[PDB]
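Bear in mind that the values in this text are calculations on the coordinates, not laboratory data. Methodologically, a virtual Cβ is constructed for each residue, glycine included, from the backbone with ideal geometry; neighbour enumeration extends over all protein chains shown.
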């Protein structure tokens, strides 16, 4: 019943599906919640600040000063709920204090230091950062 048909039905005939593929293997990450920091020592009196910036894939702005280190994670907004300071005084490291400071739209790391020290910044994955503060021994 009709004239010529195919008026709104061209005639694409399917023959099954391609949907079965399980896109996934791993969970997502390891410390994958939201932006956070950690402090530890490694080797010999080195102050290691670990940084977990979830949703930041690139490199922060690290400012190396003798007084302190300033990392700025541009366009990474740290919740004030995650901003914590680690006093870490007398850990026998060149780090005097670790401070995760939320900035307006950025995240700022304030890693207070003193004297001569050495900064080795590491990225373990896009989002997981690490700052190894060695004492520059003279």
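The condition of being farther than 14 Å from residue 109 by Cβ and either surrounded by 10 or more Cβ atoms within 10 Å (Cβ to Cβ) or under 17 Å from the mean Cα position of the chain (by Cα) (or both) holds for only one of 52, 46, 20, that being 46. Going by the structure shown, is residue 57 within 29 Å of residue 134 (Cα to Cα), surrounded by 13 or more Cβ atoms within 10 Å (Cβ to Cβ) and in contact (Cβ under 8 Å) with a residue 60 or more places away in the chain? No; evaluated as a whole, the condition is false for this residue. Checking each residue in region 111-125 for being loosely packed, with under 13 Cβ neighbours inside 10 Å and in contact (Cβ under 8 Å) with a residue 60 or more places away in the chain picks out only 125.
Counting the residues of region 126-138 that are surrounded by fewer than 19 Cβ atoms within 10 Å (Cβ to Cβ) and farther than 14 Å from residue 38 by Cβ gives 4. Residue count for region 88-105 satisfying the condition of being without any contact (Cβ under 8 Å) to a residue 12 or more places away in the chain and under 18 Å from residue 130 (Cα atoms): 0. Looking only at residues in region 87-98 that are in contact with a strand residue (DSSP E or B) (Cβ under 9 Å, 6 or more places away or on another chain) and surrounded by fewer than 17 Cβ atoms within 10 Å (Cβ to Cβ), the one that is nearest to residue 45 (Cα to Cα) is 92. Could you go through region 63-78 and let me know if any residue there is surrounded by 13 or more Cβ atoms within 10 Å (Cβ to Cβ), within 14 Å of the chain's Cα centre (by Cα), in contact (Cβ under 8 Å) with a residue 60 or more places away in the chain and under 24 Å from residue 30 (Cα atoms). Yes: one or more hits.
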